[PDB]
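Scroll down for the structure; my scribbles are underneath it.
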Amino acid sequence: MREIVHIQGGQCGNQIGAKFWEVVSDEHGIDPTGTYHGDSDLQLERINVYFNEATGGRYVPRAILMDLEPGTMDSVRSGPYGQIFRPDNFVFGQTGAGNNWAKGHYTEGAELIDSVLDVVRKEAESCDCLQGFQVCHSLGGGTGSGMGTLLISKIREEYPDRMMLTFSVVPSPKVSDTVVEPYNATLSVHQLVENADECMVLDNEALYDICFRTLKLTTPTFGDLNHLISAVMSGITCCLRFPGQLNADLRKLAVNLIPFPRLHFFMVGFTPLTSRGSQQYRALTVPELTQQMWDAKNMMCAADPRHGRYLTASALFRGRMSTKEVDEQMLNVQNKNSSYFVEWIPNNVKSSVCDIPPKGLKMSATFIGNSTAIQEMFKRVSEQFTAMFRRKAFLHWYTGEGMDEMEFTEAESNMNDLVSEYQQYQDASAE
Amino acid sequence: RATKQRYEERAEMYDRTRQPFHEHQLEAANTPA
Amino acid sequence: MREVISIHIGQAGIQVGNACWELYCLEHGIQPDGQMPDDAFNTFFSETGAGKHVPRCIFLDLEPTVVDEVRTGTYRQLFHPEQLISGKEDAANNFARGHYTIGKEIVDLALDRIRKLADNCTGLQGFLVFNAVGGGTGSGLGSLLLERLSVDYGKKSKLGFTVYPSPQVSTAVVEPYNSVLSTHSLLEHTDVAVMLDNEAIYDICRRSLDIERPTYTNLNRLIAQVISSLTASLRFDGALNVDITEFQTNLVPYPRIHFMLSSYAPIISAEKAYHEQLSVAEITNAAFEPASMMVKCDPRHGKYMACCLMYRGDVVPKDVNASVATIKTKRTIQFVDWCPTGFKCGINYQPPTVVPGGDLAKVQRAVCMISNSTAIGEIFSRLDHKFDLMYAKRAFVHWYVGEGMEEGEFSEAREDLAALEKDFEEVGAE
Amino acid sequence: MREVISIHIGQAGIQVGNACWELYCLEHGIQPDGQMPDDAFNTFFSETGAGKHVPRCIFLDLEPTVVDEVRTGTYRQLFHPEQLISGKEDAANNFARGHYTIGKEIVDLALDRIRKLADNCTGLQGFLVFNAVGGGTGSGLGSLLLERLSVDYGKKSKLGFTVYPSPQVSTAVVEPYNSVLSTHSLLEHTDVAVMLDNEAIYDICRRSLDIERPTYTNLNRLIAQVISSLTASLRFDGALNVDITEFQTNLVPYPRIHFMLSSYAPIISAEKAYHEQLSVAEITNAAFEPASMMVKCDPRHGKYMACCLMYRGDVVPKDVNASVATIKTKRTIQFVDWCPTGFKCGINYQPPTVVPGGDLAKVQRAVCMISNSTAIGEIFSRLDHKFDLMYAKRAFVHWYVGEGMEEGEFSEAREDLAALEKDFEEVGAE
Amino acid sequence: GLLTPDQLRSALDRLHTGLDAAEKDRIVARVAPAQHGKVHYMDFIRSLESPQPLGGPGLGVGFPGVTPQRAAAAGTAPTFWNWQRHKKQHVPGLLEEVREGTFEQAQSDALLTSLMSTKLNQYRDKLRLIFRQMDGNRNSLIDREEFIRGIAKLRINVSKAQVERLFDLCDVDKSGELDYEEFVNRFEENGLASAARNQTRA
Amino acid sequence: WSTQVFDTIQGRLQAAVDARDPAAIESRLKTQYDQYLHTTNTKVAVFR
Ligand SMILES: Nc1nc2c(ncn2[C@@H]2O[C@H](COP(=O)(O)OP(=O)(O)OP(=O)(O)O)[C@@H](O)[C@H]2O)c(=O)[nH]1
Ligand SMILES: Nc1nc2c(ncn2[C@@H]2O[C@H](COP(=O)(O)OP(=O)(O)OP(=O)(O)O)[C@@H](O)[C@H]2O)c(=O)[nH]1
Ligand SMILES: Nc1nc2c(ncn2[C@@H]2O[C@H](COP(=O)(O)OP(=O)(O)O)[C@@H](O)[C@H]2O)c(=O)[nH]1
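Protein chains in written order, with the deposited numbering: chain S, 1 to 431; chain Z, 709 to 727, 741 to 754; chain A, 1 to 37, 46 to 438; chain X, 1 to 37, 46 to 438; chain F, 103 to 304; chain P, 145 to 192.
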């Protein structure tokens with residue numbers, strides 16, 4: 001009865017949202033036609049968190065699909081679970097943003113943002129109680145980044161107290177997809193710092209590394225990456241949807257994770273990710289899950305936690321497990337890696353336990369780390385942004401959309417100040 | 709739907725056959754090779 | 001919704017258009033009669057109530073022979089008879105003739121039909137202008153049409169797939185003259201100018217296709233494959249969809265710098281097919297090889313500013329990332345200091361269709377690499393001295409003067425080309 | 001995982017490679033078309057997208073006839089078309105021609121393809137260079153390729169299966185010349201050089217196979233069986249697994265002394281098969297018989313330094329131990345005082361496969377004895393005066409000088425071979 | 103390990119589960135005997151080890167380790183591989199079926215001969231190389247099967263009837279095998295192919 | 145160990161291998177190999 005409004009933005013955001021909604025429909029026993037077919041009352045316990053009931057048994061997602069081009073959500077509708085979504089929640093423009101944050105935020109986003117907010121308000125008013133909004137999108141793309149940040153700002157203005165959760169696909173370090181990725185990421189991070197209460201950083205190259213090393217897949221499409229992302233997005237809110245021995249909502253995670261308002265960027269990891277070959281060979285135990293959680297390779301963010309220091313870290317476990325085992329395992333992890341944990345916080349771990357594991361898994365766990373390692377991710381993006389901005393490469397595309405040059409400088413200054421926050425609390429000593 | 713499924717199924721079959742079949746063994750692609 | 005209007009000006013324009021529309025008909029299943037036995049054709053064809061599909065194309069020429077060849081070839085019932093526009097007198101390789109005296113009424117009627125075609129399009133990604141820089145019809149009339157389109161339509165993306173004179177081999181004498189004039193014209197109007205050279209495509213056909221006697225049909229087939237790979241994301245869905253508007257945003261750093269080198273890979277005949285791996289990394293390396301470039305311009309001389317990759321077929325993003333990372337780590341490929349990313353990758357799930365009776369083989373993977381690089385200043389440097397060597401003696405100048413030009417036009421074209429040279433030098437330099 | 005790159009240089013190299021690759025295809029079940037109806049082929053074959061297995065071999069030659077025989081023969085669909093590399097002009101039995109003037113571009117292309125092949129291998133045990141010491145292509149080009157491989161690849165173990173001139177019978181006149189030159193070249197570049205003599209193989213065919221008319225195909229079949237028995241432990245499991253890298257560690261007492269006699273047993277036709285016991289002890293004794301050695305060199309003259317035995321088939325460690333104990337106790341076989349063990353026994357559970365149409369019989373046991381012995385300096389003594397007798401008159405020296413050699417190079421090669429003679433005497437000494 | 107259901111109830115009582123009689127009966131009935139109380143302790147422990155609420159498998163993506171990216175509804179079947187929306191199209195002007203004395207058939211023959219002559223003659227002696235590649239056998243005479251196989255090696259989609267028409271048109275001298283002379287005569291650059299291509303009204 | 149054993153044995157190996165003239169070595173090996181060649185050519189078979 002604590003409703004969450006899901007928003008998908010851009011091509012990447014829409015694909016991730018489709019994967020996530022298909023995963024959630026599987027987990028709640030919802031067929032692609034919307035009817036419940038689970039044969040388990042636990043599935044319908046808290047289905048209102050994500051779905052609304054139709055005239056019959058049909059359940060419609062509380063999802064809002066965004067784009068400036070219709071092709072991506074045409075593919076979304078053609079997908080296996082494209083018919084669950086209410087057709088009124090598909091908001092499209094006609095000319096897509098040419099990977100232009102300016103086009104997606106000022107020129108072409110302005111017309112569509114009125115409809116987007118109308119749909120968001122219509123979905124939010126139907127909620128009995130609103131936990132908040134979760135927005136899945138990708139930094140480094142025009143419509144995704146620009147429209148998502150604009151909508152996040154508008155929703156922050158309308159509903160200040162409600163939670164804002166973001167799943168941003170930050171551009172990957174080593175391989176860049178589009179040229180203007182540093183521009184879009186730099187402009188979007190500035191908005192997310194001010195508006196988004198909670199943010200999860202995902203990198204496609206990190207996802208490739210984890211799916212090739214842990215899952216040991218050799219030709220992973222974007223479907224696999226969206227699958228891992230969807231697993232994380234499900235596991236973060238499984239405590240709202242199922243009874244837990246020690247339950248913890250999104251606001252509780254935000255309170256226990258965010259020491260200071262600007263330091264709300266997190267790296268996430270999901271366990272247990274097991275290769276098909278070693279599925280039988282692996283032992284499902286709480287120590288094994290914790291060991292896989294705290295591995296740097298398990299992180300879906302490019303930055304590795306070893307370079308930084310863990311400011312905070314939440315662990316949402318799922319399964320019928322010993323709270324003694326869980327607490328002892330993460331206390332032992334803290335004691336062993338105290339060099340990687342911040343000193344001026346006596347306990348850097350927020351343990352949450354849900355009694356209902358994901359389908360097929362005896363036990364599972366999602367890990368959400370607020371660490372100063374993300375500083376190097378921002379530093380790299382700024383290294384690219386400065387190199388392009390010094391010579392104003394591709395700057396005319398943003399300038400002709402009615403954005404001042406000073407906006408880029410302000411965004412970079414804000415992002416560098418955030419880097420300074422992370423470094424200062426990394427090297428900050430108690431007393 | 710047909711095009712996306714064809715792409716994904718081709719990728720899955722190439723995965724199965726690999727387990741172009743030496744590209745997963747390239748030094749740059751993966752350090753263990 | 002994603003309609004693109006095709007313009008083919010001059011003999012080269014119409015001849016590459018024949019191959020392009022053959023390729024599109026083969027790709028979308030449209031028979032030569034016009035109709036097919046959804047809505048992926050909307051970018052290139054408009055369906056009527058009868059089910060017949062007519063291309064959104066315009067064949068413009070001042071010579072009747074080339075257009076009548078289309079009217080008499082296999083593709084008679086496909087094209088619109090009025091869309092085929094023919095002049096009465098050829099421009100005779102005179103930019104003045106094609107831009108000042110003969111081209112006026114023909115281009116006015118061209119604007120009329122272009123307006124009628126654009127009124128049939130809900131959306132309009134832009135125009136694809138295929139002309140011949142180096143001939144009066146292509147250069148002069150094409151320049152006039154581009155100017156009128158810029159005046160009236162405004163911000164619509166005009167992508168000009170121009171064919172420039174080759175460095176030493178050529179077929180005309182006043183080719184430097186009308187090339188320089190049309191270059192001055194299209195420096196300020198077209199949005200992205202994709203550069204093409206007959207010598208380069210001949211070398212491609214000789215080395216990759218083993219054709220020691222290449223012909224214009226082969227060249228046009230290669231160009232059509234390149235354009236189809238370029239436009240594939242408009243018609244077929246794929247991971248990392250790339251748009252006509254995304255080309256310029258990910259490829260044009262500065263408005264003056266919009267000329268683009270094109271390279272297709274693989275280019276393998278039937279006999280040589282299925283004998284090498286043809287993996288993503290190998291085809292990316294082949295696309296970045298200087299020999300596979302479709303402009304006689306060694307990229308090693310300059311530095312890449314941006315590289316947009318169109319992958320077609322079974323390409324997985326991890327493989328494209330690995331290949332592009334290898335390219336980045338390669339020392340031979342050099343990028344400008346101010347573009348650390350410099351890459352725009354886009355995948356499409358539709359493998360390139362093979363023209364029956366062509367030399368290209370059926371490949372499950374394909375790469376179209378379109379790059380903005382400062383090396384392209386070399387070809388303009390070649391034309392700038394080929395022009396001035398003639399213009400010192402004012403050879404053939406009276407021919408251009410007779411049809412309504414002045415020496416000032418030649419001087420201004422040469423000065424603007426020098427300015428473009430200096431702009432390329434400046435963007436290349438730190 | 002255990003890949004080995006095979007190189008075949010010259011007519012003799014390519015012709016023994018035909019037999020070797022026929023043998024490997026028959027052993028692994030690979031049809032000549034390329035594909036077969046676990047992963048035991050990885051040492052020699054890499055599987056492609058269609059499932060076709062391509063050998064990791066490179067057929068290098070300056071003469072087109074020998075390579076075109078493969079391009080036309082039954083193994084046209086197996087080997088890679090670019091793996092078959094053909095020159096334009098033969099080396100004409102001139103080491104200078106094959107190493108200095110013609111061989112340059114060909115060996116550059118060879119290194120290009122070798123790099124492509126090596127980039128297809130996770131691991132790389134080493135190189136198997138099959139050439140003919142005694143011809144320009146075999147000697148000069150092979151020496152150049154070995155030099156380049158040593159320069160760039162580095163630590164890869166290069167095993168050269170060199171075919172040296174027979175003592176009295178021969179088919180070339182400058183054969184001592186280019187043999188001495190190639191011996192000087194590979195004394196420092198190969199890691200393990202295996203000696204083969206056509207006269208000795210002819211004697212083996214005449215006596216053991218009862219072939220009164222042996223030919224090159226027969227010789228190459230025996231050589232291919234020897235090499236397959238050598239590599240059998242890489243591809244098939246068995247007791248006492250033997251490795252390419254440990255050939256050295258168990259066989260090369262000093263780096264200079266790395267020339268090795270080879271002897272196969274049993275060598276019996278079908279009619280003489282199943283007529284004797286062919287036990288392990290008997291076949292080991294046969295392998296240590298002077299007649300079974302594939303080099304015209306009496307082992308009784310010198311003293312064995314090391315003997316590596318490769319058994320194939322139903323062989324038990326007791327049988328190999330008892331046979332080697334009997335051999336050690338035998339008075340005729342004499343080992344050096346400084347190597348009390350001097351034996352490296354290795355068994356494989358895969359019996360030697362028989363090529364249909366050949367003369368070798370289906371034997372459940374086989375031994376390949378490769379011995380480092382100081383007796384081999386005796387054939388070097390033969391070549392050392394066959395060289396200097398002509399070198400006194402400088403016969404055929406102008407032919408070698410014309411393509412960029414010097415009298416100093418002949419002198420240095422002959423002096424190096426004299427130093428090798430001194431080395432053999434010293435290592436035989438106590 | 104074969105334990106009766108009553109033995110399982112006694113085991114639960116000994117293990118102090120605290121359940122009532124009915125609850126213990128239901129927990130025992132969770133497993134079903136094979137023949138006569140043939141459920142074994144490992145099976146019972148597997149039944150109670152992972153309770154697995156939510157019902158397990160369903161029509162969706164599921165957990166990353168267990169199930170692939172694709173939907174269970176859009177899965178469990180490999181359909182849509184090698185899916186071609188549009189079938190391969192022949193070269194325009196080429197007749198699939200042979201017609202006697204028709205301008206369409208004449209144009210098809212001219213176009214096909216021109217296509218072959220353009221595919222060949224691309225470099226010097228390429229006609230000779232293709233001729234040598236036509237025949238697997240050692241004789242220069244080209245058989246009908248050799249001709250069809252060579253045309254198939256060329257990336258040309260032409261029916262067997264039209265290939266046989268080409269074979270007969272290339273003068274067999276009524277012998278049924280193509281000689282190099284006639285091969286060259288009909289597959290020369292221009293010549294008969296160009297003349298037939300141009301002579302439409304004939 | 146070096147000076148007492150290895151240096152002594154290598155010094156005694158030298159001035160003996162060095163003392164042996166290369167021409168004498170060639171002639172000795174030639175007489176041996178020609179004897180083996182002659183017995184191979186005359187006799188039907190050679191046995192150890
Ligand atoms: N790539 C390519 N270029 C061509 C082809 N046909 C002609 N060209 C080029 O086009 C140039 C001349 O084209 P046009 O100006 O259209 O010739 P036209 O139609 O007679 O018009 P004018 O020559 O101006 O009178 C020549 O220099 C050729 O290089 C072709 O099929 N492919
Ligand atoms: N055992 C064996 N030796 C061979 C065979 N073929 C050739 N040889 C030897 O190889 C030597 C010459 O080989 P090559 O140098 O490669 O002859 P080529 O290919 O014409 O190259 P060049 O003579 O160097 O110009 C001859 O002396 C032969 O004794 C063979 O099939 N088996
Ligand atoms: N994980 C994932 N990432 C994607 C997908 N599609 C695109 N991306 C990434 O998202 C980034 C931005 O693209 P995007 O925002 O979708 O473009 P836009 O829709 O025009 O704004 C690109 O760098 C892609 O690498 C997808 O399906 N899954």
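From the three backbone atoms N, C-alpha and C, an ideal C-beta is built for every residue, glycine too.
Hey, quick one: how far does the alpha helix (DSSP H) through residue i stretch, first residue to last?
i	result
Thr130 of chain A	Counting along the chain, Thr130 of chain A falls outside any alpha helix (DSSP H), and DSSP gives it neither H nor E.
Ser78 of chain S	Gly71 to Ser78
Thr711 of chain Z	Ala710 to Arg726
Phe182 of chain F	From DSSP, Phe182 of chain F is part of no alpha helix (DSSP H); its letter is neither H nor E.
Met398 of chain X	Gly385 to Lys401
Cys20 of chain X	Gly10 to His28
CA-CA distance, residue i and residue j?
i	j	result
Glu248 of chain F	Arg201 of chain F	24 Å
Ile384 of chain A	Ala240 of chain X	56 Å
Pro32 of chain X	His88 of chain X	13 Å
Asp39 of chain S	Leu215 of chain S	30 Å
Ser389 of chain X	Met398 of chain X	15 Å
Check for me: the beta strand (DSSP E) holding residue i runs from which residue to which?
i	result
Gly203 of chain F	Segment: none, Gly203 of chain F is in no beta strand (DSSP E) and carries neither H nor E.
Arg243 of chain X	Element bounds for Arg243 of chain X: not the beta strand (DSSP E) but the alpha helix (DSSP H), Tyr224 to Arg243.
Report all residues from its chain with a CB closer than 6 Å to the CB of residue i; omit the five preceding and five following residues, and keep chain order.
i	result
residue 38 of chain A	For residue 38 of chain A, no position is available: the coordinates of chain A end at 37 and pick up again at 46.
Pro243 of chain S	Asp355
Which same chain residues, not among the five before or five after residue i, have their C-beta less than 8 Å away from its C-beta?
i	result
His309 of chain A	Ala383 and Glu386
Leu225 of chain S	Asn204, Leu207, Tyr208 and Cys211
Taking only three categories from DSSP, how would you classify residue i?
i	result
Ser364 of chain S	strand
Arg172 of chain P	helix
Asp46 of chain A	coil
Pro63 of chain X	strand
Tell me which same chain residues have a C-beta within less than 7 Å of the C-beta of residue i, skipping the five on either side of it?
i	result
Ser174 of chain X	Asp205, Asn206, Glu207 and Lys304
Could you name the residues of the region 279-296 of chain F whose beta carbon sits closer than 7 Å to any beta carbon of chain A, in the order they occur along the chain? Taking 7 Å as the Cβ-Cβ cut-off, the region 279-296 of chain F has no residue approaching chain A.
Near-chain A residues of the region 52-72 of chain X - C-beta to any C-beta below 8 Å: Here the close residues are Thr56, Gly57 and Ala58.
Output needed in chain order: residues of the region 250-269 of chain F with a Cβ under 8 Å from some Cβ in chain A. Listed in sequence order: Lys255, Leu256, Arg257, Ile258 and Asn259.
Chain X contacts from the region 251-282 of chain A (Cβ-Cβ distance under 8 Å): Residues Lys280 and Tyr282.
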